[PDB]
$ cat structure18.tsv   # TSV, C-alpha atoms
chain	number	residue	atom	x	y	z
A	2	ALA	CA	-13.22	5.80	6.98
A	3	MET	CA	-10.72	4.07	4.57
A	4	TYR	CA	-8.53	1.52	6.53
A	5	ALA	CA	-5.68	-0.41	4.84
A	6	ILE	CA	-3.46	-3.38	5.79
A	7	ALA	CA	0.03	-3.78	4.22
A	8	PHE	CA	2.57	-6.54	4.95
A	9	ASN	CA	5.92	-8.17	3.98
A	10	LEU	CA	6.00	-12.04	3.78
A	11	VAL	CA	9.10	-14.37	3.83
A	12	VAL	CA	7.39	-17.63	2.57
A	23	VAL	CA	4.45	-17.23	-2.73
A	24	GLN	CA	0.69	-17.16	-3.67
A	25	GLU	CA	-0.95	-19.62	-1.13
A	26	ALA	CA	-0.12	-17.55	2.04
A	27	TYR	CA	-1.26	-14.40	0.09
A	28	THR	CA	-4.44	-16.46	-0.68
A	29	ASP	CA	-5.11	-17.62	2.93
A	30	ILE	CA	-4.42	-14.10	4.38
A	31	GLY	CA	-6.57	-12.46	1.63
A	32	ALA	CA	-9.32	-15.00	2.49
A	33	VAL	CA	-9.30	-14.03	6.24
A	34	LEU	CA	-9.19	-10.30	5.34
A	35	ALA	CA	-12.01	-10.65	2.71
A	36	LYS	CA	-14.30	-11.90	5.55
A	37	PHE	CA	-13.99	-8.32	7.07
A	38	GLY	CA	-14.37	-6.44	3.72
A	39	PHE	CA	-10.58	-5.90	3.09
A	40	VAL	CA	-9.84	-6.51	-0.66
A	41	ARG	CA	-6.35	-6.45	-2.34
A	42	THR	CA	-6.34	-3.02	-4.12
A	43	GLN	CA	-2.79	-2.13	-5.39
A	44	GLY	CA	0.14	-4.49	-4.62
A	45	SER	CA	0.14	-6.31	-1.21
A	46	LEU	CA	-2.25	-3.52	0.02
A	47	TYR	CA	-5.72	-4.60	1.34
A	48	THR	CA	-8.35	-1.82	1.75
A	49	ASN	CA	-11.89	-1.46	3.16
A	50	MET	CA	-13.51	1.95	2.36
A	51	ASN	CA	-16.55	1.36	4.63
A	52	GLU	CA	-16.09	0.03	8.16
A	53	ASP	CA	-14.60	1.41	11.44
A	54	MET	CA	-11.79	0.40	13.87
A	55	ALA	CA	-13.74	-2.49	15.52
A	56	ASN	CA	-13.95	-4.17	12.06
A	57	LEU	CA	-10.17	-3.62	11.45
A	58	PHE	CA	-9.52	-5.11	14.95
A	59	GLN	CA	-11.66	-8.22	14.15
A	60	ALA	CA	-9.65	-8.68	10.88
A	61	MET	CA	-6.36	-8.48	12.94
A	62	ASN	CA	-7.68	-10.94	15.61
A	63	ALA	CA	-8.77	-13.32	12.77
A	64	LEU	CA	-5.20	-13.18	11.31
A	65	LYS	CA	-3.64	-13.84	14.82
A	66	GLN	CA	-5.77	-17.06	14.98
A	67	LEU	CA	-3.74	-18.47	11.96
A	68	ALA	CA	-0.93	-20.41	13.86
A	69	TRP	CA	1.59	-20.12	10.91
A	70	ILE	CA	1.26	-16.29	10.26
A	71	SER	CA	3.74	-15.34	13.09
A	72	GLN	CA	6.61	-17.18	11.22
A	73	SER	CA	5.62	-15.92	7.68
A	74	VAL	CA	4.91	-12.15	8.41
A	75	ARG	CA	8.12	-10.01	8.78
A	76	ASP	CA	6.21	-6.69	8.97
A	77	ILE	CA	2.45	-5.80	9.08
A	78	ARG	CA	1.12	-2.18	9.07
A	79	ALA	CA	-2.48	-0.92	9.36
A	80	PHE	CA	-3.37	2.73	8.78
A	81	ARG	CA	-6.07	5.16	7.71
A	82	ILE	CA	-5.96	6.47	4.11
A	83	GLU	CA	-7.10	10.09	3.49
A	84	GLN	CA	-7.23	12.15	0.27
A	85	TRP	CA	-7.28	8.93	-1.81
A	86	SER	CA	-6.49	10.42	-5.32
A	87	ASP	CA	-6.42	8.84	-8.82
A	88	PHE	CA	-3.39	9.90	-10.95
A	89	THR	CA	-4.03	7.32	-13.76
A	90	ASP	CA	-5.38	10.04	-16.16
A	91	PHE	CA	-2.74	12.64	-14.89
A	92	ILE	CA	-0.08	10.04	-16.02
A	93	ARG	CA	-1.71	8.84	-19.36
A	94	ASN	CA	-1.13	12.18	-21.27
B	2	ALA	CA	2.66	14.52	6.50
B	3	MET	CA	3.01	10.80	5.43
B	4	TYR	CA	2.24	10.51	1.63
B	5	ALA	CA	2.17	7.25	-0.38
B	6	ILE	CA	2.07	6.16	-4.06
B	7	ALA	CA	0.55	2.77	-5.03
B	8	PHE	CA	0.33	1.50	-8.65
B	9	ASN	CA	-0.59	-1.60	-10.76
B	10	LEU	CA	1.70	-2.41	-13.77
B	11	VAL	CA	1.12	-4.81	-16.74
B	12	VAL	CA	4.65	-5.14	-18.36
B	24	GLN	CA	12.82	-6.30	-10.79
B	25	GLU	CA	11.72	-5.21	-14.36
B	26	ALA	CA	10.82	-1.42	-14.52
B	27	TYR	CA	9.86	-1.29	-10.77
B	28	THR	CA	13.58	-0.18	-10.83
B	29	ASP	CA	13.03	2.87	-13.13
B	30	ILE	CA	9.81	4.09	-11.36
B	31	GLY	CA	11.48	3.48	-7.95
B	32	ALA	CA	14.56	5.47	-9.08
B	33	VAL	CA	12.35	8.46	-10.11
B	34	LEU	CA	10.39	8.24	-6.81
B	35	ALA	CA	13.59	7.85	-4.65
B	36	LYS	CA	14.66	11.30	-6.03
B	37	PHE	CA	11.66	12.90	-4.11
B	38	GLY	CA	12.16	10.76	-0.95
B	39	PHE	CA	9.55	8.01	-1.79
B	40	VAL	CA	11.02	4.58	-0.77
B	41	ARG	CA	9.28	1.16	-1.27
B	42	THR	CA	8.19	0.13	2.30
B	43	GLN	CA	5.56	-2.70	1.92
B	44	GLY	CA	4.87	-4.18	-1.55
B	45	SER	CA	4.47	-1.76	-4.50
B	46	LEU	CA	3.77	0.99	-1.91
B	47	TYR	CA	6.24	3.94	-1.96
B	48	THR	CA	6.20	6.18	1.17
B	49	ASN	CA	7.71	9.51	2.27
B	50	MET	CA	7.13	10.43	5.98
B	51	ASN	CA	8.76	13.86	5.59
B	52	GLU	CA	7.63	16.31	2.86
B	53	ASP	CA	4.44	18.06	1.59
B	54	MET	CA	2.04	17.97	-1.43
B	55	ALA	CA	4.48	20.10	-3.53
B	56	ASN	CA	7.15	17.33	-3.18
B	57	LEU	CA	4.54	14.60	-4.05
B	58	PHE	CA	3.45	16.78	-7.04
B	59	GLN	CA	6.95	17.08	-8.62
B	60	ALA	CA	7.43	13.29	-7.99
B	61	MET	CA	4.24	12.78	-10.13
B	62	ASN	CA	5.53	15.27	-12.83
B	63	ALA	CA	8.85	13.29	-12.87
B	64	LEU	CA	6.90	10.01	-13.55
B	65	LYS	CA	4.68	11.78	-16.20
B	66	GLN	CA	7.84	12.67	-18.26
B	67	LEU	CA	8.78	8.93	-18.60
B	68	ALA	CA	7.83	8.06	-22.26
B	69	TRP	CA	6.70	4.44	-21.50
B	70	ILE	CA	4.87	4.91	-18.13
B	71	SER	CA	1.54	5.68	-19.94
B	72	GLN	CA	1.54	2.24	-21.71
B	73	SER	CA	2.78	0.32	-18.60
B	74	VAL	CA	0.76	1.78	-15.58
B	75	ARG	CA	-2.92	0.60	-15.27
B	76	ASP	CA	-3.81	2.23	-11.91
B	77	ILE	CA	-1.82	4.77	-9.80
B	78	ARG	CA	-3.10	6.26	-6.52
B	79	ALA	CA	-1.60	8.85	-4.17
B	80	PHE	CA	-2.94	9.45	-0.65
B	81	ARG	CA	-2.16	10.58	2.87
B	82	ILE	CA	-1.49	7.89	5.52
B	83	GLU	CA	-2.72	8.58	9.11
B	84	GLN	CA	-2.56	6.44	12.28
B	85	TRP	CA	0.34	4.43	10.79
B	86	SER	CA	0.35	1.45	13.25
B	87	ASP	CA	2.68	-1.55	13.59
B	88	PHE	CA	0.83	-4.89	14.24
B	89	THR	CA	4.00	-7.09	13.87
B	90	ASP	CA	4.24	-7.71	17.68
B	91	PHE	CA	0.37	-7.93	17.83
B	92	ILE	CA	0.66	-10.81	15.21
B	93	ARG	CA	4.10	-12.34	16.07
B	94	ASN	CA	2.86	-13.37	19.61

$ encode --input "structure18.tsv" --output "structure tokens"
Amino acid sequence: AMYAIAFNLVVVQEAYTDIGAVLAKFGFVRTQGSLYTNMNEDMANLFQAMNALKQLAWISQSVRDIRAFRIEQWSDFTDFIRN
Amino acid sequence: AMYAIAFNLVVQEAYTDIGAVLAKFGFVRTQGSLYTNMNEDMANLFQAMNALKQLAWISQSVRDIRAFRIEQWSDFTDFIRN
């Protein structure tokens, strides 16, 4: 299924870099904003991504809000908008 | 259900004007350039997208725009902030 991670930071580009690096290790790529998606893997993979983030000592003081969710009915409106 | 709109722009700026149109159909910016509405249906999302479409300049200045349903919305803030 399609899993997604979205967050709010308080820190910038470096933190976004280091978080993106941890998430890339589990197939989560920045798609549209501060939204990281993985269209392939399951919940165990999402949970390993979230454990890997926890490991980063500084993330608890830089992340205000972090959401993970399943995306369904992923739909492209780019053409619907470009007329 | 929970619906969301995510986009990539090229040219806070006109995030204001898109956000204003989307706020009219209950879509609020929640986490980045991600606008969410927990409440309404596909018809509401549809007229939100028509409302964007009518903006003259949005064709030049949107590269990618997705809409989708969110399920299993989960809060990992406590999970992380330990």

$ closest_residue --input "structure18.tsv" --among "A:60, A:30, A:50, A:77" --to "chain B" --atoms "all atoms listed in the file"
A:77

$ interface_residues --input "structure18.tsv" --of "chain B" --to "chain A" --cutoff "7 Å" --atoms "all atoms listed in the file" --output "VMD selection string"
chain B and resid 7 to 9 43 to 45 65 71 75 to 89 92 to 94

$ atom_distance --input "structure18.tsv" --atom1 "CA of residue 39 (chain A)" --atom2 "CA of residue 61 (chain B)"
27.3 Å

$ residues_near_point --input "structure18.tsv" --point "(5.6, 11.1, 9.5)" --cutoff "6 Å" --atoms "only C-alpha atoms" --output "list in words"
residues 2, 3, 50 and 51 of chain B

$ atom_distance --input "structure18.tsv" --atom1 "CA of residue 38 (chain A)" --atom2 "CA of residue 58 (chain A)"
12.3 Å

$ atom_distance --input "structure18.tsv" --atom1 "CA of residue 48 (chain B)" --atom2 "CA of residue 34 (chain B)"
9.2 Å

$ residues_around --input "structure18.tsv" --residues "residue 63 (chain A)" --least-positions-apart "5" --cutoff "10 Å" --atoms "only C-alpha atoms" --output "ChimeraX atom specification"
/A:30,33-34,36-37,57-58

$ residues_around --input "structure18.tsv" --residues "residue 27 (chain B)" --least-positions-apart "4" --cutoff "10 Å" --atoms "only C-alpha atoms" --output "count of residues only"
6
